[PDB]
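Here's a solo chain for you in structure tokens, the form deposited in one PDB entry.
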């Protein structure tokens, strides 16, 4: 049905482009994820994205690419199957994660972004939907997915005001709202909003009354730029505000101090007396 040995299953959703299906590797007896893209699409991207995954073969928490080709009306990318997204798991946990789960996630999510940056790419759409847990023996590993909006950042790319937002407004950095070209800092500031999102259940710039699309964006930018970090993070450990302030202070072409940021949450993890056993909130559902 696909690539001689793959059976296409049911659609499970969409990425930044193309649609994702469940499938079966018939020869290996393993479930897989299959991404489809119309061959006649005006802006073909799937083969571009597969090159990025291929170049990240072997990275921790990077999905493995099993096959990439064309079939009928589609370009096809077959991937090892991953588990639920962090948004799915957040909902399954009643939109509340324990501090321990947030810190376990933060440690891995910072490392995933650092790895992407070490390969000269910026992700540009850091959000809960793009982090998936592994399945089975890899169920303790947070994976990052979807490089459809990713961009090579290096010789660093020049300072620019590449207007218009490509990623999601909810987690976009303030500099993105100002129309500045995204760089490494912006992936990390976005992660900072995702972590407070997990702590709060929502962000203060969600659900703002707006009539049209452009107005909706204005309201989000204005609320985000008028909400002090200390107000956003009030009631939660100071490390989250320290993290966001550090990212907001980074210069366009600065290499972030990833280790410092991981050690921030690590020291908190230790002061709480938590055990680093990968027992996340959802693992405790009976």
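Positions refer to the first chain, counted from 1.
Another form exists, solved in complex with a partner chain; not displayed. Remarks below refer to it.
- Judged by heavy atoms within 4.5 Å of its partner chain in the deposited complex, the contact stretch among the candidates 46 to 54, 229 to 237, 247 to 255, 214 to 222 is 214 to 222.
- Residue 149 is the only one of 149, 200, 141, 174 with a heavy atom lying within 4.5 Å of its partner chain in the deposited complex.
- Contact with its partner chain in the deposited complex, judged by any heavy atom within 4.5 Å, is made by just one of 99, 157, 165, 180: 165.
- Although the partner is absent here, residue 16 sits close enough that one of its heavy atoms falls within 4.5 Å of its partner chain in the deposited complex.
- The closest non-hydrogen atom of residue 125 lies within 4.5 Å of its partner chain in the deposited complex.
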